[PDB]
């Protein structure tokens, strides 16, 4: 007689949406690209290397996903705009942007090399502006879009030797609020996704350091490293209609680290 229905849960589906993930040739970006595709999105692989991005997109199509690619260095403003505009003209609309590309360089701030400072600013901060601006012109024209900026625990709490990275991630957290202030009126939700400590290549030296890992497990209420699949749920949520009234916020996925001494 009765029929159980699922309206509030169905709003998590991404069917009919296209997501571009910057730096999705490997790492968290590739993990999130697959998670968003599984949730129904067409995806766009981004890498600086054309052959790599095109081949990865083809492997997604072999698995039945809708996938394409867009080649650019996020730090190159004009190059990014040309690639985004060409993709919109030839392929179609980008409805979700995940600003994932990023790098890490560790040293005490008094010894930090200026070239390392500059490289971090170009990728982690200039890059987020370059791709968001280029995509947002098209989202504004359509009156809807999602922008998800990958942040960090260092958007809130500092650690020794990574002061420049923390500067870039505090910048992205505020740039996210600024995207909301300028674009919420056009139906765009711009939010931050801040992972805690995840076992990945960016952090391999930390994972392999027994002293650091012992400290991290005591420091984190959850008592462990995160694993990258644990970010997919948050990314899907922020990309979906289920979060249409979430805007300007940064969601920390860190096992409780930022909530505790």
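Numbering follows the first chain given and starts at 1.
- When the mean C-alpha temperature factors of 68-76 and 85-93 are read from the deposited coordinates, 85-93 comes out higher.
- As listed in the deposited structure, the average C-alpha B-factor of 204-212 and of 191-199 is greater for 204-212.
- Looking only at 178, 164, 143, 102, the residue with the top Cα B factor in the deposited structure is 143.
- Sort the modelled residues of the chain by CA B factor and residue 23 lands in the middle third.
- In this PDB entry, the Cα temperature factor of residue 218 sits in the top third of its chain's modelled residues, the highest group.
- When the modelled residues of the chain are ordered by their C-alpha B factor, residue 9 lands in the highest third.
- Compared with the other modelled residues of the chain, the Cα B-factor recorded for residue 53 ranks in the highest third.
- The deposited CA B-factor of residue 122 belongs to the lowest third of values across its chain.
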